[PDB]
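Worksheet: one structure, shown below.
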Amino acid sequence: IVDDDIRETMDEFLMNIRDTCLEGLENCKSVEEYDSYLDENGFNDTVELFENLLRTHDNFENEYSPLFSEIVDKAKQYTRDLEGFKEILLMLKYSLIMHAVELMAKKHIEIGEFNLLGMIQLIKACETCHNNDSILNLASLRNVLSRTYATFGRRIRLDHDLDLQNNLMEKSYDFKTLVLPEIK
Amino acid sequence: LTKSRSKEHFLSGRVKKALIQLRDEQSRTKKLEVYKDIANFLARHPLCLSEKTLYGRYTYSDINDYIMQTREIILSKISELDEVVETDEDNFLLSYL
Amino acid sequence: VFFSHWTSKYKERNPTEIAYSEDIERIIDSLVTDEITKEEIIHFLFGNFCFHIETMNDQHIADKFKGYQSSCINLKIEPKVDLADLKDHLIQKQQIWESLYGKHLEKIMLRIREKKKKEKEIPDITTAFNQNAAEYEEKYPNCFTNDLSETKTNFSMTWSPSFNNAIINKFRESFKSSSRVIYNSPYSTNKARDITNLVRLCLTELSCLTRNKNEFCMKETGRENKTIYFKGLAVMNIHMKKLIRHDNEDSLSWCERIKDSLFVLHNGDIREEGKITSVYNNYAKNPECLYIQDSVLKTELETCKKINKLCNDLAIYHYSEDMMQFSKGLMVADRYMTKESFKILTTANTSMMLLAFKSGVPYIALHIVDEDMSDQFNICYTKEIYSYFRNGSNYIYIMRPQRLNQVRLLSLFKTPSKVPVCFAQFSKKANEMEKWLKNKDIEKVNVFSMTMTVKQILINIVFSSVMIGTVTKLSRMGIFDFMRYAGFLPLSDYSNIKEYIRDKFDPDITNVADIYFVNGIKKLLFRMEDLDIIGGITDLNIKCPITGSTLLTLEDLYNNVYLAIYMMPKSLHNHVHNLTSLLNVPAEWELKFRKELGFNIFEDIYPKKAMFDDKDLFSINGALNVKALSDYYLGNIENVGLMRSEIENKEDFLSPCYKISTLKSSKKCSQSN
Amino acid sequence: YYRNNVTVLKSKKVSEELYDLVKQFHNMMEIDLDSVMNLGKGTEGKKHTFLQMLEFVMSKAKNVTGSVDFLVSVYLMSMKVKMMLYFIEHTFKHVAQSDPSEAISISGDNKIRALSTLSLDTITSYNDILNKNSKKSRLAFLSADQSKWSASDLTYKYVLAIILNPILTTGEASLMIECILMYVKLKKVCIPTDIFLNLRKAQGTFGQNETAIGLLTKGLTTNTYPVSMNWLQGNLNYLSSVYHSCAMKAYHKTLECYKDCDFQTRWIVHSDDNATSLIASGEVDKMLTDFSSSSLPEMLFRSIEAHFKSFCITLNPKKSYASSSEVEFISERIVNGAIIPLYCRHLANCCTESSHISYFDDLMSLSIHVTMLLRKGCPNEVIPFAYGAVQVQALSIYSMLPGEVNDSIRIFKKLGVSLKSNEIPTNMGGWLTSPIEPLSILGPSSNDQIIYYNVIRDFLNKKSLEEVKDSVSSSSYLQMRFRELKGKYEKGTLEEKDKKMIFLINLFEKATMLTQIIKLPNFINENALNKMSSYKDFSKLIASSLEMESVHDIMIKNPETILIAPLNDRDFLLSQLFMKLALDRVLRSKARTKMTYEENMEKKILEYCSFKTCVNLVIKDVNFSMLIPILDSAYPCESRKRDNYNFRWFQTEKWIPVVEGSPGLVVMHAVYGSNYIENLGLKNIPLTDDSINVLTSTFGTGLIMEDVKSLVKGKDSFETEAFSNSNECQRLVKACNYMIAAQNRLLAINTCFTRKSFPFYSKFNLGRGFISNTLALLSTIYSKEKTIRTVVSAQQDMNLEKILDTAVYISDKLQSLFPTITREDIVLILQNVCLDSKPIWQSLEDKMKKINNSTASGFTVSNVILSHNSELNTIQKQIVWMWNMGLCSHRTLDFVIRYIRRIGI
């Protein structure tokens, strides 16, 4: 790898990993303060950084991505065997003292006459428009009506009236200020 | 979203059925009557689209072009059907607009 | 830093005057203007490197400094060894050298104002065509005219109407009769009689023995048989050089007459199985088996079914297989057979027959026609039918010969890939065809119950599919690259509206029914030159091949005209004519370069004549491009050491030459031995 | 013979030319073994670099010999001129790489559309920000092509350039200057001999004169003709483009010399191409009267034409066209910020050309074209006709159409093979019967992997591949299935499933991943091996027995030669030393030329290591393993799936289950351009390395004694390779490769010292058994609007801190926009709203069940802080939120709030 600051950064991270791991596996006669020091900088602080650097590198997706996969997959195996060896060390210490992806679909949720698919999208567009102080687009109001989406697909009808005036709205704390700085 | 009801919910299907019947209508006067009714309805209901309106990638000018094309087609059909010989139609639309 | 290596042994060499050529000093001579002499431009040229000192090691800048002093000493220039005087000299030199864009700016508006005159414009496209036709008229006489009856075959090169040894047995039991001759306009010294004599001779008595099961030679007949045989051979020569103009009348009316006649010729085949049909409906009669989620979509699979059945009604796969057998029979007919032999070609159909008629590249097609669809078949191929005759309830026709080429055989072999996919694409593009296929269902589609508008657009799509899929003539190439070079019109002023027609157009039109294309694109261009402000909608124009009103998006027209462009093979003439063109383009270019620069065919290159000063033909500004390169290398390469190490590491010159894959793979060297 | 030396050219092998020049540098005029085994011992041996080779050949050809090196045809170049052109282009290509607005250093295809679209959107953004409160504003673009870039350009402009580069030193700048000036004073083009004879005969008998191309010759007395300023096209696509961009910025800096107007002109330069713009503000009227034009594109065209004419660039008016909305780079003209798809080129190349070597590889190339046309926004009904079109061209061109000879289904039916129609492999003449999704996402390995997966699922008697994973990964289960297979085979009670499985294992036995099996050669190289001099050197230095045992003995002396790629000397030349056609074979196919035709096709059908390796390459594939489960449980529509229907399902279900299964994208409708993500070509190269060592070992043991099943205890190399080849050697080396980790350090001295057998053919391929990658598919532009589970849990592990800011956000905001909502409804919508194709609640639940189980157990403080340190550090902010819906236990909450939220030497 060549990219200057990030090159030095993820060189530094894994040389720290390798040196700390060889120093943890250097000598061990005493009790588990060695592994207690090894755990947080062998498992937490650096592994998820390499997992992050795999999925956020953009200009290396065609030149260094199979390299980075072979780095971070071995890092995953290193994390798992760290957990196993640490459990073995704990067991000595206190004695001496698949289908989860296939839970998708059935995604047509409707509340009353309004679809609960375009509400989230329209309201995140509403927050985006208020954040940059811009006017809402008409097209974001297109996906509100259920009748356009009622011609195809199974319908889930959940009977809740559109009530917007009671107590449970008061515990949100999301930008109570009304900002209309172009309006008389 | 505003919990308000719009007037005359049952016009689009009736207008579509009337235009489908006008495709097969051999009557000269009924076409003029239906087109005059359409012209009166479009005059009585104004359009409130603003100049800042943007729909997707279509600006207000594109929707105004569609409105102008529809009004041009309707007025061309009216002028083709109604034959009143040159009664100075260039001075009434300018005063009305 | 980074341990910079010296990747050469030329450390003591100098770019100035130690090299072989003596060209640098005449570059300096050509580059001195007013108020700039030899010494100052030499100093700037070989001391502007000092903008990059902070990002280099000390030995490299020492090498540059000693090269600088050696270059100054060797060129009889007083050197500057100090740094303060060098910096002062270079800052007044950047001051005088940055005072040069004004002169070039004045010179380029001077060149634009002299380019503004001496040019002329055309009012409209039609006047551009008339003026181009006028130029071609005084270029060469004996062309244009209004005579349409003198032209060649219009519907490309092949014929195949709707209706092994049993077929030719049927043919030989039908040819025992006499003959008539019917033409367009009265001819003289009628050669159709000789062709009728030729087919009479070659089929009556000499078809009983066959060499290699499809061809046969002739050696022993009487002298009159050889006489009429050689007479038919003497018929085999037709040459023409005319042109049908862009403003001709009633050839268009002829074109829709032949289009309607060919469509009513189409729906007459009675076959239901074949070669191409099996693979296409095994992919297409059950098209859900190529998918996974069938139940999500139900308005697209049966439309493909409907298109497949409609093509089965029009025998498009049957015609594609017929042209396939035609093409492969002519490919094998080009073989070691002599000049007194010829061959028969029989397709999978029951009444289509061919005669090879010598090796060459010619042939003759034969036809068998019933009595119900009779006179419009005389309408169809009337320019290339020689004769026809009656036997019982049969009409038998003799057709005009022409010539072949192997790339034309390739273009015919591609036909089962040519016609169905383009037919499907244009049928997708036509929205009224889409709503007609949407209204009808799969067991209620037929050809005899269409709307007349649907009828006419289906005539147009059948004609365009056949014509695109059977491209064989040079005029098709000409109209195709004219369509591609005139596809730049439909946006704002691009300064090529008519000048390409005025200068770079090549007027070459051979036979009729391409007038439909040229006035379709003329209508399209006159629709596009109608006033456009900012933007608009698409539907107000018309397709080129399939008319197709109420267009969806301009993407559709870009796609379908570029289908009509991109499916043309390159050289339909020879490999040695485009080969010789690729050699002669640099030959003529270098000859006129040599003529403009005053060199001859015997002298050396003579690198600078000091002519290289803002002339239009072959020159530079001299002092400008050197400054542009100087500040480009200033503004591009920053931190020279690290990217220097990147150059030495990625492209790895410190490794041997075979480590690079691009200099070891099969590129073929062409060494001289 | 006209007192000259006429000589035609001959195209040799590039590797052979490098071998010859590397020889003749080392005074190696005659082939001899002892002149190269004497030196070059390991990494301390003799070495040569590129530039000393370059200057050596340059000093060799500095001697006058008729300038035979400077004799080139079009689209062709000699060896030394390839070296100097390589030197210029490959020393300057990183300089071209350093320019952000230039596109000769493209990443193949995607960088073109990406950079053109970003140029367009930044230009339009600059127009939009200059539209506010300005006096006057006008903008236009330019897509320009030059007339004859190869022959109009003066090469001497380069001579003024090379001396200005600070990247070189004094001496290599002179090197490039001298090679350029040698390129211009000796250039000549050899006319082809056949057209020379044709034109000479035509002049002799008919013309007695010639056209312009004959006046260079002195009455056609010379074969070759010189061109001076024409560097041929395709040779310098890098340097010329960058200096053309130098002319572009010369235009820019020329236009800031104007006083009353401001200009900001950016550019994209490809070879033979432009895409630029110009922005003018202020008094436009006096500016356009100064340049004598009425429109800004007119002024831009005239200025650009005059500037290009000033520096030997001829612009062509018929092809360069400039408007206010179009840019045509090579194709896909983008209008008003929206790209036209332009699948006309893809569907045209679907039926206009092919590579024309074999049936299978032409089918592969056209299938790649199918993937391109499907990936570029295909229209509605043309997919099955495109399938049929590529199939009928694959059938009609080489391997004949069904119903006649050379059929695939007919041969299988006349043999009575139990296989059904829609599972015949594509090498066996099987048609492209794969569905849309596996061909679309993978390409070459779609249909074969699908049929292999289905038959392993059938014989293994499971229901899904997730069952297959933990069923196979447990050892000795495959052994008991294979032994019950042997019991069923000796008994004779086999069924049709066993017959299909034995046919597919013996099919893969005689195969690569997918080879051709039937491989008719060309004109055999035995009459053309004399063209290569390496074959001459291989055959220059009873007797056959001693000579082959001697040469195999000298491979055994240094086994590292044949197996590693050439690293130094004494391991390169020894390694290289010791290692219209459609019209032809439409006649050559239906023939008995190689003594068999379409009976060799059926005689291959007539007749556990392969089993476990094939089920392993089924299960060790990464993207196929996540490809199948999103197919078999997929919803039809909605949740940004079906908003329209006009060819709209043809983009969304093609990739939204696939691409959003990965992160980095939220869009629905966009033409995508993928990487080379599917790498099935990393399992095959260790197997081939084992194939060479098995071949070498088999030759060695078979030529030291006969009928070898075990050795007679010779040396340890023979003994350890007897351990290698006792069972299947590929299987044992890959199996022992999962727990040996040598990676010896490539010093060629400790490599032979450490272990002479296993790291030789296990660690000298720079590759072993590892795991591939899945990318984010690189969405190029928006159109007109057991090993699985660990890495996936790691995806949620690194995504945990993001979804702790996302799920809490959306839960709070849905509680904000519905105040009558209940906790069961929160559970329901959190069970249904998914991110990165992962439902939120079950993804949190699988992580938090183990930490609640670890907390509720009897472990002490140190056994709980070190178990889930990352988890507790992530849940510091929203532990109460996890306790709110009854998820987190009160013991875990108490633990979090108490321990987290606070003589001798």
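For the structure tokens, the naming scheme is as follows: chains receive sequential letters (A, B, ...) according to their order of presentation, residues are indexed from 1 within each chain, and ligands are indexed from 1 in presentation order.
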
Go through segment 323-393 of chain C and collect every residue that DSSP, computed from the backbone, puts in alpha helix (DSSP H); the answer should be as a PDB file with N, CA, C and O atoms, in the first residue's frame.
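Written output follows (part07.pdb):
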ATOM      1  N   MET C 323     -32.326 -18.087 -45.753  1.00  0.00           N
ATOM      2  CA  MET C 323     -31.133 -17.318 -46.084  1.00  0.00           C
ATOM      3  C   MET C 323     -29.882 -17.944 -45.491  1.00  0.00           C
ATOM      4  O   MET C 323     -28.799 -17.792 -46.058  1.00  0.00           O
ATOM      5  N   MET C 324     -30.012 -18.665 -44.375  1.00  0.00           N
ATOM      6  CA  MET C 324     -28.869 -19.372 -43.807  1.00  0.00           C
ATOM      7  C   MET C 324     -28.392 -20.479 -44.732  1.00  0.00           C
ATOM      8  O   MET C 324     -27.189 -20.608 -44.997  1.00  0.00           O
ATOM      9  N   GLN C 325     -29.328 -21.288 -45.230  1.00  0.00           N
ATOM     10  CA  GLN C 325     -28.976 -22.357 -46.160  1.00  0.00           C
ATOM     11  C   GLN C 325     -28.435 -21.791 -47.464  1.00  0.00           C
ATOM     12  O   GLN C 325     -27.471 -22.328 -48.024  1.00  0.00           O
ATOM     13  N   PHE C 326     -29.043 -20.700 -47.941  1.00  0.00           N
ATOM     14  CA  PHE C 326     -28.554 -19.948 -49.094  1.00  0.00           C
ATOM     15  C   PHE C 326     -27.098 -19.531 -48.910  1.00  0.00           C
ATOM     16  O   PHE C 326     -26.244 -19.782 -49.776  1.00  0.00           O
ATOM     17  N   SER C 327     -26.801 -18.921 -47.760  1.00  0.00           N
ATOM     18  CA  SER C 327     -25.473 -18.394 -47.495  1.00  0.00           C
ATOM     19  C   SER C 327     -24.447 -19.510 -47.387  1.00  0.00           C
ATOM     20  O   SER C 327     -23.352 -19.405 -47.945  1.00  0.00           O
ATOM     21  N   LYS C 328     -24.784 -20.597 -46.691  1.00  0.00           N
ATOM     22  CA  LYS C 328     -23.789 -21.651 -46.527  1.00  0.00           C
ATOM     23  C   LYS C 328     -23.586 -22.434 -47.819  1.00  0.00           C
ATOM     24  O   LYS C 328     -22.469 -22.894 -48.094  1.00  0.00           O
ATOM     25  N   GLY C 329     -24.629 -22.552 -48.640  1.00  0.00           N
ATOM     26  CA  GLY C 329     -24.456 -23.158 -49.945  1.00  0.00           C
ATOM     27  C   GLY C 329     -23.581 -22.325 -50.860  1.00  0.00           C
ATOM     28  O   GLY C 329     -22.796 -22.866 -51.642  1.00  0.00           O
ATOM     29  N   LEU C 330     -23.691 -20.997 -50.775  1.00  0.00           N
ATOM     30  CA  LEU C 330     -22.779 -20.186 -51.576  1.00  0.00           C
ATOM     31  C   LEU C 330     -21.369 -20.167 -51.003  1.00  0.00           C
ATOM     32  O   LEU C 330     -20.408 -19.986 -51.759  1.00  0.00           O
ATOM     33  N   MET C 331     -21.222 -20.317 -49.683  1.00  0.00           N
ATOM     34  CA  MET C 331     -19.884 -20.443 -49.110  1.00  0.00           C
ATOM     35  C   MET C 331     -19.195 -21.710 -49.594  1.00  0.00           C
ATOM     36  O   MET C 331     -18.016 -21.680 -49.963  1.00  0.00           O
ATOM     37  N   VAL C 332     -19.913 -22.834 -49.614  1.00  0.00           N
ATOM     38  CA  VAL C 332     -19.282 -24.050 -50.113  1.00  0.00           C
ATOM     39  C   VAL C 332     -19.190 -24.051 -51.632  1.00  0.00           C
ATOM     40  O   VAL C 332     -18.363 -24.783 -52.191  1.00  0.00           O
ATOM     41  N   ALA C 333     -19.991 -23.226 -52.316  1.00  0.00           N
ATOM     42  CA  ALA C 333     -19.910 -23.140 -53.771  1.00  0.00           C
ATOM     43  C   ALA C 333     -18.633 -22.449 -54.226  1.00  0.00           C
ATOM     44  O   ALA C 333     -18.188 -22.653 -55.361  1.00  0.00           O
ATOM     45  N   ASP C 375     -50.434 -10.848 -59.323  1.00  0.00           N
ATOM     46  CA  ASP C 375     -49.993  -9.632 -59.998  1.00  0.00           C
ATOM     47  C   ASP C 375     -49.139  -8.752 -59.092  1.00  0.00           C
ATOM     48  O   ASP C 375     -48.243  -8.044 -59.573  1.00  0.00           O
ATOM     49  N   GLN C 376     -49.381  -8.786 -57.778  1.00  0.00           N
ATOM     50  CA  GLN C 376     -48.535  -7.992 -56.897  1.00  0.00           C
ATOM     51  C   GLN C 376     -47.148  -8.604 -56.753  1.00  0.00           C
ATOM     52  O   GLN C 376     -46.207  -7.898 -56.386  1.00  0.00           O
ATOM     53  N   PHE C 377     -46.987  -9.893 -57.055  1.00  0.00           N
ATOM     54  CA  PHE C 377     -45.633 -10.431 -57.137  1.00  0.00           C
ATOM     55  C   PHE C 377     -44.909  -9.911 -58.369  1.00  0.00           C
ATOM     56  O   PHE C 377     -43.687  -9.725 -58.342  1.00  0.00           O
ATOM     57  N   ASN C 378     -45.642  -9.671 -59.456  1.00  0.00           N
ATOM     58  CA  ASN C 378     -45.064  -8.943 -60.573  1.00  0.00           C
ATOM     59  C   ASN C 378     -44.779  -7.499 -60.194  1.00  0.00           C
ATOM     60  O   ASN C 378     -43.893  -6.872 -60.780  1.00  0.00           O
ATOM     61  N   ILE C 379     -45.523  -6.953 -59.229  1.00  0.00           N
ATOM     62  CA  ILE C 379     -45.214  -5.616 -58.728  1.00  0.00           C
ATOM     63  C   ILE C 379     -43.915  -5.625 -57.916  1.00  0.00           C
ATOM     64  O   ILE C 379     -43.103  -4.701 -58.037  1.00  0.00           O
ATOM     65  N   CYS C 380     -43.678  -6.685 -57.123  1.00  0.00           N
ATOM     66  CA  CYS C 380     -42.586  -6.697 -56.138  1.00  0.00           C
ATOM     67  C   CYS C 380     -41.204  -6.564 -56.773  1.00  0.00           C
ATOM     68  O   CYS C 380     -40.497  -5.575 -56.552  1.00  0.00           O
TER      69      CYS C 380
END

* Asked: Contacts of residue 70 of chain B at 12 Å or less, counting only C-alpha atoms, minus same-chain residues fewer than 6 places along, as a list in words?
  ->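 In the requested form, the answer reads residues 38, 39, 42, 63, 64, 76 and 77 of chain B.
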
For the residues in the current selection, export N, CA, C and O atoms as a short mmCIF file (atom, residue, chain, number, x, y, z; two decimals), in the first residue's frame.
data_model
loop_
_atom_site.label_atom_id
_atom_site.label_comp_id
_atom_site.auth_asym_id
_atom_site.auth_seq_id
_atom_site.Cartn_x
_atom_site.Cartn_y
_atom_site.Cartn_z
N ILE B 38 -66.08 20.79 -20.57
CA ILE B 38 -64.69 20.63 -20.15
C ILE B 38 -64.01 21.99 -20.05
O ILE B 38 -63.28 22.25 -19.09
N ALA B 39 -64.25 22.87 -21.02
CA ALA B 39 -63.68 24.22 -20.98
C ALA B 39 -64.19 25.02 -19.79
O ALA B 39 -63.41 25.73 -19.15
N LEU B 42 -62.50 23.61 -16.64
CA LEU B 42 -61.09 24.00 -16.54
C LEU B 42 -60.94 25.50 -16.30
O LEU B 42 -59.92 25.93 -15.73
N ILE B 63 -44.23 21.25 -16.46
CA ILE B 63 -45.64 21.05 -16.14
C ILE B 63 -46.49 22.12 -16.81
O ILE B 63 -47.60 21.85 -17.28
N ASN B 64 -45.97 23.35 -16.88
CA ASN B 64 -46.67 24.41 -17.60
C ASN B 64 -46.72 24.13 -19.10
O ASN B 64 -47.70 24.49 -19.76
N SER B 76 -57.95 23.73 -29.90
CA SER B 76 -57.90 23.37 -31.31
C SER B 76 -59.09 22.50 -31.69
O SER B 76 -59.67 22.68 -32.77
N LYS B 77 -59.47 21.55 -30.83
CA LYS B 77 -60.66 20.74 -31.09
C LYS B 77 -61.93 21.59 -31.07
O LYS B 77 -62.84 21.38 -31.88
#

* chain A contacts to chain B at 8 Å (only C-alpha atoms) as JSON, numbers by chain -> {"A": [137, 138, 139]}

Written selection (C-alpha atoms) as an mmCIF file, in the first residue's frame:
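Output saved as again_11.cif:
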data_model
loop_
_atom_site.group_PDB
_atom_site.id
_atom_site.type_symbol
_atom_site.label_atom_id
_atom_site.label_comp_id
_atom_site.auth_asym_id
_atom_site.auth_seq_id
_atom_site.Cartn_x
_atom_site.Cartn_y
_atom_site.Cartn_z
ATOM 1 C CA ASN A 137 -40.268 18.484 -2.561
ATOM 2 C CA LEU A 138 -43.637 17.352 -3.891
ATOM 3 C CA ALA A 139 -42.277 13.937 -4.935
#

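Secondary structure of segment 191-406 of chain D, strand (DSSP E or B) only (DSSP, backbone atoms): residues 224, 225, 262, 267, 268, 269, 270, 273, 274, 275, 276, 277, 278, 279, 280, 281, 315, 321, 334, 335, 338 and 339 of chain D.
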
Export, as a compact mmCIF listing (two decimals), in the first residue's frame, the selected residues with N, CA, C and O atoms.
# COMPACT_ATOMS: atom_id res chain seq x y z
N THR D 224 10.58 0.28 -49.15
CA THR D 224 10.06 1.05 -48.02
C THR D 224 9.97 2.53 -48.35
O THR D 224 10.61 3.02 -49.28
N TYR D 225 9.16 3.24 -47.58
CA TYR D 225 8.98 4.66 -47.75
C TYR D 225 8.99 5.35 -46.40
O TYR D 225 8.51 4.78 -45.41
N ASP D 262 -13.89 37.17 -17.03
CA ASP D 262 -13.27 36.12 -16.23
C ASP D 262 -13.63 34.75 -16.81
O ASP D 262 -14.75 34.54 -17.28
N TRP D 267 -11.06 20.72 -18.16
CA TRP D 267 -10.99 19.86 -19.32
C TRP D 267 -10.85 18.41 -18.90
O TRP D 267 -10.34 18.10 -17.82
N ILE D 268 -11.32 17.52 -19.77
CA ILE D 268 -10.98 16.11 -19.75
C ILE D 268 -10.36 15.79 -21.10
O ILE D 268 -10.94 16.12 -22.14
N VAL D 269 -9.20 15.16 -21.08
CA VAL D 269 -8.52 14.77 -22.29
C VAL D 269 -8.36 13.26 -22.28
O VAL D 269 -7.73 12.70 -21.38
N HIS D 270 -8.93 12.61 -23.28
CA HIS D 270 -8.58 11.26 -23.66
C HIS D 270 -7.76 11.34 -24.93
O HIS D 270 -7.71 12.38 -25.59
N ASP D 273 -9.37 12.75 -28.01
CA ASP D 273 -10.66 13.20 -27.51
C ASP D 273 -10.53 14.39 -26.58
O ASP D 273 -9.52 14.57 -25.90
N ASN D 274 -11.60 15.20 -26.56
CA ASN D 274 -11.77 16.31 -25.64
C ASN D 274 -13.15 16.28 -24.99
O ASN D 274 -14.10 15.71 -25.52
N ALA D 275 -13.22 16.91 -23.82
CA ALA D 275 -14.49 17.26 -23.19
C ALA D 275 -14.21 18.44 -22.27
O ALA D 275 -13.69 18.26 -21.17
N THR D 276 -14.55 19.65 -22.71
CA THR D 276 -14.21 20.83 -21.93
C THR D 276 -15.37 21.80 -21.86
O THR D 276 -16.44 21.57 -22.44
N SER D 277 -15.15 22.91 -21.15
CA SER D 277 -16.17 23.93 -20.97
C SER D 277 -15.50 25.29 -20.80
O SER D 277 -14.28 25.40 -20.70
N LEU D 278 -16.33 26.33 -20.76
CA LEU D 278 -15.88 27.71 -20.61
C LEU D 278 -16.98 28.51 -19.94
O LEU D 278 -18.16 28.31 -20.21
N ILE D 279 -16.59 29.43 -19.06
CA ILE D 279 -17.54 30.26 -18.33
C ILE D 279 -17.13 31.71 -18.47
O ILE D 279 -16.00 32.08 -18.13
N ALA D 280 -18.03 32.55 -18.97
CA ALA D 280 -17.78 33.97 -19.13
C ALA D 280 -18.83 34.76 -18.37
O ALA D 280 -20.02 34.43 -18.42
N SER D 281 -18.39 35.81 -17.68
CA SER D 281 -19.28 36.68 -16.94
C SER D 281 -18.90 38.13 -17.21
O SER D 281 -17.73 38.45 -17.39
N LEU D 315 -8.12 20.11 -36.22
CA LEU D 315 -9.46 19.80 -35.75
C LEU D 315 -10.39 19.62 -36.94
O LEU D 315 -10.31 20.36 -37.93
N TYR D 321 -18.48 18.59 -32.45
CA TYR D 321 -19.75 19.29 -32.40
C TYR D 321 -20.00 19.72 -30.96
O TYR D 321 -19.81 18.94 -30.03
N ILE D 334 -24.30 12.26 -22.32
CA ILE D 334 -25.06 12.65 -21.14
C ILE D 334 -25.72 13.98 -21.42
O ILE D 334 -25.05 14.94 -21.81
N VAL D 335 -27.04 14.05 -21.23
CA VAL D 335 -27.81 15.27 -21.47
C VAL D 335 -28.44 15.73 -20.16
O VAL D 335 -29.03 14.93 -19.43
N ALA D 338 -28.33 13.79 -17.02
CA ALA D 338 -28.87 12.44 -17.07
C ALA D 338 -28.22 11.68 -18.22
O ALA D 338 -28.22 12.14 -19.36
N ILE D 339 -27.66 10.52 -17.91
CA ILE D 339 -26.95 9.73 -18.90
C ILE D 339 -27.94 8.91 -19.71
O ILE D 339 -28.93 8.39 -19.19

Chain C residues near chain A within 12 Å, closest pair each, using only C-alpha atoms, as a tab-separated table:
residue	atom	partner	partner_atom	distance
C:295	CA	A:153	CA	10.9
C:296	CA	A:153	CA	8.9
C:297	CA	A:152	CA	10.2
C:298	CA	A:152	CA	11.4
C:642	CA	A:4	CA	9.7
C:643	CA	A:2	CA	10.3
C:645	CA	A:2	CA	10.7
C:646	CA	A:2	CA	8.4
C:647	CA	A:2	CA	12.0
C:649	CA	A:2	CA	10.5
C:650	CA	A:2	CA	10.1

* To do: Extract, using only C-alpha atoms, all DNA, RNA and protein residues at most 8 Å from residue 75 of chain C, discarding same-chain residues fewer than 3 positions from it, and format them as a ChimeraX atom specification.
  => /C:16-17,71-72
